[PDB]
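Participant: Requesting a structural model of the entry that follows:
(chains A and B)
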2 protein chains.
Amino acid sequence: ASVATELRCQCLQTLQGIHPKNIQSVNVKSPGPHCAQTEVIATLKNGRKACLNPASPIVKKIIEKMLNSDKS
Amino acid sequence: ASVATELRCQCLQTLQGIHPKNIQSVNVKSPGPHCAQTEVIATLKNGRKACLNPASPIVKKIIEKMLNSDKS
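Facilitator: Residues are numbered from 1 along each chain as shown, chains lettered A, B, ... in the order given. Structure as follows:
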């Protein structure tokens, strides 16, 4: 465990746009307390959560794609 | 209370992009059970939640703007 500026937050280690199938939702929150960092947790299908890098391009997709999800 | 196809979900009545200041985060989930509808809950600063219409244009902003939040 390294001394980073993010304790309150739950982010794993911001993945770079993983694959969904399990990923059923995501949460995005602004900074504030000592974590003073954004929030981008994708809730897994099993009811878990992961964080991804919205600053990342592929990951910025993760938001948009999670937002899409049409009938196909 | 009308008989709609969304009980499981918590959505208030999907607002059309309200103003933040309180809105500190949001959650987006896919359909599945009898709710069989998306999910777009903006968690309020007081720790509350609201739903908005991501299909809506202004509201699709609510996602992108909530995603932005820079130093300014």
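Participant: thought residue A:34 was touching residue A:7?
Facilitator: Yes: between residue A:34 and residue A:7 there is a contact at 6.5 Å, judged by C-beta atoms under 8 Å. From N, CA and C alone the C-beta is placed, and that goes for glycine too.
Participant: Residues contacting stretch A:22-37, please?
Facilitator: For stretch A:22-37, the surrounding residues in contact (C-beta atoms under 8 Å, 6 or more residues apart in numbering or on different chains) are A:5-9, A:11, A:38-46, A:48-50, A:52, A:54, A:62-63, A:66, B:24-30, B:32, B:39, B:43, B:66-67, B:69.
Participant: can you give me the helices for chain A?
Facilitator: Ranges of helices in chain A, per DSSP state H, are A:57-67.
Participant: Up against chain B, what does it have?
Facilitator: Within chain A, the positions adjacent to chain B are A:24-30, A:32, A:38-39, A:43, A:54, A:60, A:63, A:66-67, A:69 by C-beta under 8 Å from any C-beta of the partner chain.
Participant: 6 Å - rerun?
Facilitator: A:24, A:25, A:26, A:27, A:28, A:29, A:30, A:66, A:67, A:69 (C-beta under 6 Å from any C-beta of the partner chain).
Participant: what's the closest non-adjacent residue to the fifth one?
Facilitator: Of all residues not flanking residue A:28 in the chain, residue A:40 sits nearest, at 5.3 Å (C-beta to C-beta, 6 or more residues apart in numbering or on different chains).
Participant: what's the spacing between residue A:24 and residue A:49?
Facilitator: Counting by C-beta to C-beta, to the nearest Å, the separation of residue A:24 from residue A:49 is 11 Å.
Participant: ok, which stretches of chain A are strands?
Facilitator: A:25-29, A:39-43, A:49-51 (DSSP state E).
Participant: ranking the ones you listed by burial, who's on top?
Facilitator: Of all the strands of chain A, strand A:39-43 has the most neighbours on average by mean count of other C-beta atoms under 10 Å in any protein chain shown, namely a mean of 23.
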